[PDB]
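Beneath this line is the structure, given in structure tokens, with notes to follow.
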Amino acid sequence: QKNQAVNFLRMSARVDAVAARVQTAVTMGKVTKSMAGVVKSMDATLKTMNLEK
Amino acid sequence: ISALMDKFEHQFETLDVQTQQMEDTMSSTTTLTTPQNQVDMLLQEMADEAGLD
């Protein structure tokens, strides 16, 4: 029982780590998409709003 | 009947050898998780102080 406790708990560690980096990957994804969004909408609204007018 | 009974002895005898075999491979597969040394020191640990509480 005790050595199993060690083994499992170790798996918990490493799997948790990958879980963290995947988390970062997803949130990074959201930020990227949304940012693309603002760059575009702002761009097509920068074409008819171009500074001279 | 008597025949059925010696047949009985032989039968569950084979049960016991099946048991023994099974538990040999079954206990030699997971055996990394139960060292002999560790168990020795444990059993000793609870030997010397066994009834002292």
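Across the alpha-carbon set of chain B, the Rg to Rh ratio works out to 1.34, Rh being the Kirkwood radius. Helix B:36-48 and the longest principal axis of the C-alpha atoms of chain B enclose an angle of approximately 70°. Per the helix-only calculation at 222 nm, which mean residue ellipticity applies to chain A, given -39500 (n - 2.57) for every DSSP H run of n ≥ 4 and division by its residues, nearest 500 deg cm²/dmol? Per the formula, -32500 deg cm²/dmol. Between A:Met11 and A:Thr24, the simple label model (points 7 Å from Cα in the Cβ direction) yields a spacing of 2.5 nm. The angle between the Cα long axis of helix B:2-29 and the longest principal axis of the Cα atoms of chain B comes to about 30 degrees, rounded to the nearest 10. Solvent-free Debye calculation, one equal scatterer per alpha-carbon of the protein assembly as shown: log10 I(q)/I(0) at 0.18, 0.24 Å⁻¹ equals -1.03, -1.20.
For chain A, the longest principal axis of the C-alpha atoms and the axis of helix A:2-47 are separated by about 0°. Pairwise Cα separations in chain A fall into 10 Å bins from 0 onward with the following percentages, short to long: 20, 22, 18, 15, 12, 8, 4, 1.
Quick reminder, even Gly has a Cβ in these numbers, built from the backbone with ideal geometry, and neighbours come from all protein chains shown. Read-outs throughout are calculated quantities, based only on the coordinates presented, and are distinct from any laboratory measurement.
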